[PDB]
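Printed here is work38.cif (mmCIF, C-alpha atoms; chains and numbers go by the auth columns):
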```cif
data_model
#
loop_
_atom_site.group_PDB
_atom_site.id
_atom_site.type_symbol
_atom_site.label_atom_id
_atom_site.label_comp_id
_atom_site.label_asym_id
_atom_site.label_seq_id
_atom_site.Cartn_x
_atom_site.Cartn_y
_atom_site.Cartn_z
_atom_site.B_iso_or_equiv
_atom_site.auth_seq_id
_atom_site.auth_asym_id
ATOM 1 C CA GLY A 1 37.752 54.417 -15.357 0.00 1 A
ATOM 2 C CA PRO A 2 40.371 51.957 -16.660 0.00 2 A
ATOM 3 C CA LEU A 3 38.554 48.704 -17.197 0.00 3 A
ATOM 4 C CA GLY A 4 40.935 46.649 -19.266 0.00 4 A
ATOM 5 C CA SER A 5 38.754 44.138 -21.077 0.00 5 A
ATOM 6 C CA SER A 6 41.793 42.010 -21.614 0.00 6 A
ATOM 7 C CA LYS A 7 43.917 41.964 -18.472 0.00 7 A
ATOM 8 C CA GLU A 8 43.040 38.754 -16.711 0.00 8 A
ATOM 9 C CA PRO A 9 42.944 35.998 -19.338 0.00 9 A
ATOM 10 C CA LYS A 10 41.441 32.598 -18.811 0.00 10 A
ATOM 11 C CA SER A 11 44.007 30.294 -17.496 0.00 11 A
ATOM 12 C CA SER A 12 43.858 26.549 -18.042 0.00 12 A
ATOM 13 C CA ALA A 13 42.337 26.128 -14.587 0.00 13 A
ATOM 14 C CA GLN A 14 39.858 28.881 -15.432 0.00 14 A
ATOM 15 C CA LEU A 15 38.929 27.205 -18.738 0.00 15 A
ATOM 16 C CA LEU A 16 38.524 23.797 -17.160 0.00 16 A
ATOM 17 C CA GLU A 17 36.510 25.326 -14.311 0.00 17 A
ATOM 18 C CA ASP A 18 34.397 27.233 -16.864 0.00 18 A
ATOM 19 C CA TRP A 19 33.465 23.823 -18.262 0.00 19 A
ATOM 20 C CA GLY A 20 32.705 22.530 -14.799 0.00 20 A
ATOM 21 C CA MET A 21 35.739 20.290 -14.589 0.00 21 A
ATOM 22 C CA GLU A 22 38.450 19.968 -11.988 0.00 22 A
ATOM 23 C CA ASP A 23 42.157 20.406 -12.675 0.00 23 A
ATOM 24 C CA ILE A 24 45.217 18.556 -11.385 0.00 24 A
ATOM 25 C CA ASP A 25 46.174 20.068 -8.052 0.00 25 A
ATOM 26 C CA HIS A 26 49.805 19.793 -9.101 0.00 26 A
ATOM 27 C CA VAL A 27 52.056 22.811 -9.200 0.00 27 A
ATOM 28 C CA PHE A 28 54.649 23.335 -11.904 0.00 28 A
ATOM 29 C CA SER A 29 57.677 23.688 -9.755 0.00 29 A
ATOM 30 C CA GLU A 30 61.339 24.709 -10.308 0.00 30 A
ATOM 31 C CA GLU A 31 62.522 21.282 -11.447 0.00 31 A
ATOM 32 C CA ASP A 32 59.549 20.988 -13.808 0.00 32 A
ATOM 33 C CA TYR A 33 60.515 24.304 -15.410 0.00 33 A
ATOM 34 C CA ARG A 34 63.986 23.062 -16.092 0.00 34 A
ATOM 35 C CA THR A 35 62.886 19.756 -17.546 0.00 35 A
ATOM 36 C CA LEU A 36 59.741 20.553 -19.549 0.00 36 A
ATOM 37 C CA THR A 37 61.626 22.977 -21.729 0.00 37 A
ATOM 38 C CA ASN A 38 59.456 22.443 -24.806 0.00 38 A
ATOM 39 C CA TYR A 39 55.805 21.811 -25.502 0.00 39 A
ATOM 40 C CA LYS A 40 56.249 18.178 -26.633 0.00 40 A
ATOM 41 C CA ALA A 41 57.970 17.243 -23.367 0.00 41 A
ATOM 42 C CA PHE A 42 55.333 19.227 -21.608 0.00 42 A
ATOM 43 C CA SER A 43 52.287 17.760 -23.325 0.00 43 A
ATOM 44 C CA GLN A 44 53.502 14.161 -22.951 0.00 44 A
ATOM 45 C CA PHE A 45 53.429 14.728 -19.227 0.00 45 A
ATOM 46 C CA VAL A 46 50.580 17.137 -18.693 0.00 46 A
ATOM 47 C CA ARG A 47 48.075 15.466 -21.128 0.00 47 A
ATOM 48 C CA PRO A 48 47.767 12.085 -19.202 0.00 48 A
ATOM 49 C CA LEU A 49 47.966 14.110 -16.009 0.00 49 A
ATOM 50 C CA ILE A 50 44.906 16.268 -16.706 0.00 50 A
ATOM 51 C CA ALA A 51 43.183 13.235 -18.285 0.00 51 A
ATOM 52 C CA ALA A 52 43.544 11.544 -14.905 0.00 52 A
ATOM 53 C CA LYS A 53 41.176 14.125 -13.392 0.00 53 A
ATOM 54 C CA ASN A 54 38.964 14.465 -16.470 0.00 54 A
ATOM 55 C CA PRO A 55 39.068 11.335 -18.682 0.00 55 A
ATOM 56 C CA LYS A 56 35.711 12.121 -20.237 0.00 56 A
ATOM 57 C CA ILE A 57 36.691 15.590 -21.308 0.00 57 A
ATOM 58 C CA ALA A 58 36.561 16.562 -24.977 0.00 58 A
ATOM 59 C CA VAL A 59 39.908 16.599 -26.781 0.00 59 A
ATOM 60 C CA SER A 60 39.160 20.024 -28.233 0.00 60 A
ATOM 61 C CA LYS A 61 38.776 21.301 -24.679 0.00 61 A
ATOM 62 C CA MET A 62 41.859 19.397 -23.482 0.00 62 A
ATOM 63 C CA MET A 63 44.066 20.979 -26.147 0.00 63 A
ATOM 64 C CA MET A 64 43.003 24.389 -24.852 0.00 64 A
ATOM 65 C CA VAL A 65 43.999 23.376 -21.321 0.00 65 A
ATOM 66 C CA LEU A 66 47.355 22.031 -22.486 0.00 66 A
ATOM 67 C CA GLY A 67 48.053 25.109 -24.536 0.00 67 A
ATOM 68 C CA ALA A 68 47.015 27.440 -21.765 0.00 68 A
ATOM 69 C CA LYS A 69 49.078 25.441 -19.253 0.00 69 A
ATOM 70 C CA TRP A 70 52.140 25.734 -21.449 0.00 70 A
ATOM 71 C CA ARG A 71 51.530 29.481 -21.371 0.00 71 A
ATOM 72 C CA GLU A 72 50.960 29.450 -17.554 0.00 72 A
ATOM 73 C CA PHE A 73 54.088 27.317 -17.184 0.00 73 A
ATOM 74 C CA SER A 74 56.187 29.733 -19.214 0.00 74 A
ATOM 75 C CA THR A 75 54.672 32.603 -17.239 0.00 75 A
ATOM 76 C CA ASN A 76 55.517 31.413 -13.696 0.00 76 A
ATOM 77 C CA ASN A 77 58.789 29.858 -14.945 0.00 77 A
ATOM 78 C CA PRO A 78 61.673 32.121 -13.718 0.00 78 A
ATOM 79 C CA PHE A 79 64.157 30.232 -15.874 0.00 79 A
ATOM 80 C CA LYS A 80 63.830 32.205 -19.113 0.00 80 A
ATOM 81 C CA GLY A 81 66.823 30.267 -20.262 0.00 81 A
ATOM 82 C CA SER A 82 66.715 26.672 -19.197 0.00 82 A
ATOM 83 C CA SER A 83 70.481 26.305 -19.285 0.00 83 A
ATOM 84 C CA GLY A 84 71.256 29.897 -18.403 0.00 84 A
ATOM 85 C CA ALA A 85 70.216 32.410 -20.999 0.00 85 A
ATOM 86 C CA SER A 86 67.301 32.780 -23.385 0.00 86 A
#
```
Using structure tokens, write down the structure that the file contains.
Amino acid sequence: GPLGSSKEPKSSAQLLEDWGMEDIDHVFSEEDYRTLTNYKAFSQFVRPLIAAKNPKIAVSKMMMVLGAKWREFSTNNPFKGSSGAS
């Protein structure tokens, strides 16, 4: 049978949950997609955000969450091209 050992990856929520931590119940919405168009703009927002729910988290773990969230963001983001095309 088709198992697919790599189909469902660990999302940032998954990772954080796997560590026994809670994530920000925020949802990257349409306006967020159009404004956080790059990782630096993204991290500057999302880092203090997640840190607000887990301030005692390890930075090494946090960077995984941020990175995964950027991925998740880009995944649910319909706007492939922030200003039209990309």
Contact residues around residue 55 of chain A with all atoms listed in the file at 12 Å, ignoring same-chain residues under 6 positions, as number ranges by chain: A: 21-24, 47-49, 61-62
Output of the PyMOL selection byres ((chain A and resi 82) around 12), listed as a ChimeraX atom specification: /A:30-38,74,77-81,83-86
Go ahead and save the residues from that selection, with C-alpha atoms, as a PDB file, in the coordinates of the input.
```pdb
ATOM      1  CA  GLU A  30      61.339  24.709 -10.308  1.00  0.00           C
ATOM      2  CA  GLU A  31      62.522  21.282 -11.447  1.00  0.00           C
ATOM      3  CA  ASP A  32      59.549  20.988 -13.808  1.00  0.00           C
ATOM      4  CA  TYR A  33      60.515  24.304 -15.410  1.00  0.00           C
ATOM      5  CA  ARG A  34      63.986  23.062 -16.092  1.00  0.00           C
ATOM      6  CA  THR A  35      62.886  19.756 -17.546  1.00  0.00           C
ATOM      7  CA  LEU A  36      59.741  20.553 -19.549  1.00  0.00           C
ATOM      8  CA  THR A  37      61.626  22.977 -21.729  1.00  0.00           C
ATOM      9  CA  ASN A  38      59.456  22.443 -24.806  1.00  0.00           C
ATOM     10  CA  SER A  74      56.187  29.733 -19.214  1.00  0.00           C
ATOM     11  CA  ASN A  77      58.789  29.858 -14.945  1.00  0.00           C
ATOM     12  CA  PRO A  78      61.673  32.121 -13.718  1.00  0.00           C
ATOM     13  CA  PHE A  79      64.157  30.232 -15.874  1.00  0.00           C
ATOM     14  CA  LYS A  80      63.830  32.205 -19.113  1.00  0.00           C
ATOM     15  CA  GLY A  81      66.823  30.267 -20.262  1.00  0.00           C
ATOM     16  CA  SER A  83      70.481  26.305 -19.285  1.00  0.00           C
ATOM     17  CA  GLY A  84      71.256  29.897 -18.403  1.00  0.00           C
ATOM     18  CA  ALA A  85      70.216  32.410 -20.999  1.00  0.00           C
ATOM     19  CA  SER A  86      67.301  32.780 -23.385  1.00  0.00           C
TER      20      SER A  86
END
```
Residues near residue 46 of chain A, cut-off 9 Å, only C-alpha atoms, skip fewer than 4 positions along chain, as number ranges by chain: A: 41-42, 50-51, 66, 69
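The residue that comes closest to residue 63 of chain A, out of A:18, A:43, A:25, A:7 and on the basis of all atoms listed in the file, is A:43.
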Around (46.5, 29.6, -22.6) in the file's own coordinates, what residues are found within 9 Å if you use all atoms listed in the file, given back as a list in words? residues 9, 10, 11, 12, 15, 64, 65, 66, 67, 68, 69, 70, 71 and 72 of chain A
Return the padded bounding box of segment 44-56 of chain A as AutoDock Vina command-line options: axis-aligned, built from all atoms listed in the file, 8 Å added on each side, with centre and edge lengths in Å to one decimal.
```
--center_x 44.6 --center_y 14.2 --center_z -18.2 --size_x 33.8 --size_y 21.8 --size_z 25.6
```
So how many Å separate atom CA of residue 58 of chain A and atom CA of residue 73 of chain A, to one decimal?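 Result for atom CA of residue 58 of chain A versus atom CA of residue 73 of chain A: 22.0 Å, one decimal.
Rounded to one decimal, atom CA of residue 39 of chain A and atom CA of residue 5 of chain A lie 28.4 Å from each other.
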What's the separation between atom CA of residue 6 of chain A and atom CA of residue 60 of chain A, in Å to one decimal place? 23.1 Å
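Shortest separation to residue 76 of chain A among A:4, A:28, A:19, A:13 occurs at residue A:28, atoms counted being only C-alpha atoms.
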Missing atoms in segment 50-85 of chain A: can you complete it with N, CA and C atoms, as an mmCIF file, in the frame of the given file?
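File rebuild.cif, as written:
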```cif
data_model
loop_
_atom_site.group_PDB
_atom_site.id
_atom_site.type_symbol
_atom_site.label_atom_id
_atom_site.label_comp_id
_atom_site.auth_asym_id
_atom_site.auth_seq_id
_atom_site.Cartn_x
_atom_site.Cartn_y
_atom_site.Cartn_z
ATOM 1 N N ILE A 50 46.222 15.627 -16.776
ATOM 2 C CA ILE A 50 44.906 16.268 -16.706
ATOM 3 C C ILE A 50 43.813 15.229 -16.983
ATOM 4 N N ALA A 51 44.100 14.319 -17.918
ATOM 5 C CA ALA A 51 43.183 13.235 -18.285
ATOM 6 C C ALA A 51 42.872 12.323 -17.093
ATOM 7 N N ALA A 52 43.749 12.317 -16.110
ATOM 8 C CA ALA A 52 43.544 11.544 -14.905
ATOM 9 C C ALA A 52 42.447 12.160 -14.022
ATOM 10 N N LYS A 53 42.206 13.458 -14.173
ATOM 11 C CA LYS A 53 41.176 14.125 -13.392
ATOM 12 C C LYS A 53 39.902 14.277 -14.233
ATOM 13 N N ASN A 54 40.076 14.379 -15.533
ATOM 14 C CA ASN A 54 38.964 14.465 -16.470
ATOM 15 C C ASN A 54 39.204 13.584 -17.699
ATOM 16 N N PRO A 55 38.875 12.287 -17.591
ATOM 17 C CA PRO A 55 39.068 11.335 -18.682
ATOM 18 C C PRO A 55 37.976 11.438 -19.741
ATOM 19 N N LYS A 56 36.864 12.032 -19.369
ATOM 20 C CA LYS A 56 35.711 12.121 -20.237
ATOM 21 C C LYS A 56 35.572 13.527 -20.797
ATOM 22 N N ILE A 57 36.664 14.251 -20.786
ATOM 23 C CA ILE A 57 36.691 15.590 -21.308
ATOM 24 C C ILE A 57 36.820 15.504 -22.844
ATOM 25 N N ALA A 58 36.401 16.532 -23.544
ATOM 26 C CA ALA A 58 36.561 16.562 -24.977
ATOM 27 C C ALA A 58 37.984 16.972 -25.325
ATOM 28 N N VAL A 59 38.522 16.376 -26.368
ATOM 29 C CA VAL A 59 39.908 16.599 -26.781
ATOM 30 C C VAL A 59 40.129 18.057 -27.173
ATOM 31 N N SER A 60 39.133 18.634 -27.819
ATOM 32 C CA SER A 60 39.160 20.024 -28.233
ATOM 33 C C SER A 60 39.333 20.937 -27.010
ATOM 34 N N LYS A 61 38.682 20.566 -25.919
ATOM 35 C CA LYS A 61 38.776 21.301 -24.679
ATOM 36 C C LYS A 61 40.152 21.074 -24.060
ATOM 37 N N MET A 62 40.567 19.817 -24.038
ATOM 38 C CA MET A 62 41.859 19.397 -23.482
ATOM 39 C C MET A 62 43.039 20.133 -24.121
ATOM 40 N N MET A 63 42.999 20.288 -25.431
ATOM 41 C CA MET A 63 44.066 20.979 -26.147
ATOM 42 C C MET A 63 44.161 22.444 -25.723
ATOM 43 N N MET A 64 43.033 23.015 -25.335
ATOM 44 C CA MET A 64 43.003 24.389 -24.852
ATOM 45 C C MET A 64 43.677 24.459 -23.492
ATOM 46 N N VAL A 65 43.424 23.446 -22.663
ATOM 47 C CA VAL A 65 43.999 23.376 -21.321
ATOM 48 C C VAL A 65 45.506 23.219 -21.416
ATOM 49 N N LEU A 66 45.939 22.288 -22.258
ATOM 50 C CA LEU A 66 47.355 22.031 -22.486
ATOM 51 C C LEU A 66 48.079 23.261 -22.980
ATOM 52 N N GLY A 67 47.477 23.914 -23.958
ATOM 53 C CA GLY A 67 48.053 25.109 -24.536
ATOM 54 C C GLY A 67 48.137 26.231 -23.529
ATOM 55 N N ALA A 68 47.060 26.412 -22.772
ATOM 56 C CA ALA A 68 47.015 27.440 -21.765
ATOM 57 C C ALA A 68 48.013 27.132 -20.664
ATOM 58 N N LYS A 69 48.110 25.857 -20.272
ATOM 59 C CA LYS A 69 49.078 25.441 -19.253
ATOM 60 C C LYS A 69 50.495 25.687 -19.663
ATOM 61 N N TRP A 70 50.807 25.425 -20.914
ATOM 62 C CA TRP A 70 52.140 25.734 -21.449
ATOM 63 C C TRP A 70 52.446 27.230 -21.273
ATOM 64 N N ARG A 71 51.455 28.040 -21.570
ATOM 65 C CA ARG A 71 51.530 29.481 -21.371
ATOM 66 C C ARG A 71 51.735 29.798 -19.871
ATOM 67 N N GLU A 72 50.884 29.238 -19.017
ATOM 68 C CA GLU A 72 50.960 29.450 -17.554
ATOM 69 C C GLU A 72 52.332 29.023 -17.018
ATOM 70 N N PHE A 73 52.791 27.883 -17.504
ATOM 71 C CA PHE A 73 54.088 27.317 -17.184
ATOM 72 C C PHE A 73 55.177 28.326 -17.502
ATOM 73 N N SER A 74 55.197 28.784 -18.744
ATOM 74 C CA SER A 74 56.187 29.733 -19.214
ATOM 75 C C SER A 74 56.076 31.087 -18.477
ATOM 76 N N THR A 75 54.901 31.387 -17.972
ATOM 77 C CA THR A 75 54.672 32.603 -17.239
ATOM 78 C C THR A 75 55.303 32.548 -15.833
ATOM 79 N N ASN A 76 55.015 31.497 -15.076
ATOM 80 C CA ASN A 76 55.517 31.413 -13.696
ATOM 81 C C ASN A 76 56.970 30.923 -13.667
ATOM 82 N N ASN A 77 57.404 30.324 -14.766
ATOM 83 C CA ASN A 77 58.789 29.858 -14.945
ATOM 84 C C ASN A 77 59.787 31.026 -14.883
ATOM 85 N N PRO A 78 60.647 31.080 -13.846
ATOM 86 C CA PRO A 78 61.673 32.121 -13.718
ATOM 87 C C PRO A 78 62.824 31.888 -14.692
ATOM 88 N N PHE A 79 63.081 30.625 -14.980
ATOM 89 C CA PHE A 79 64.157 30.232 -15.874
ATOM 90 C C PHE A 79 63.804 30.528 -17.329
ATOM 91 N N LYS A 80 64.029 31.769 -17.733
ATOM 92 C CA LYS A 80 63.830 32.205 -19.113
ATOM 93 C C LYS A 80 64.698 31.360 -20.039
ATOM 94 N N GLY A 81 65.899 31.094 -19.577
ATOM 95 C CA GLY A 81 66.823 30.267 -20.262
ATOM 96 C C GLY A 81 67.110 29.064 -19.437
ATOM 97 N N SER A 82 66.626 27.944 -19.891
ATOM 98 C CA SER A 82 66.715 26.672 -19.197
ATOM 99 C C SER A 82 68.147 26.320 -18.756
ATOM 100 N N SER A 83 69.114 26.630 -19.585
ATOM 101 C CA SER A 83 70.481 26.305 -19.285
ATOM 102 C C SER A 83 71.282 27.552 -18.897
ATOM 103 N N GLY A 84 70.596 28.673 -18.767
ATOM 104 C CA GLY A 84 71.256 29.897 -18.403
ATOM 105 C C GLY A 84 70.621 31.114 -19.030
ATOM 106 N N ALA A 85 70.733 31.241 -20.327
ATOM 107 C CA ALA A 85 70.216 32.410 -20.999
ATOM 108 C C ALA A 85 69.322 32.052 -22.164
#
```
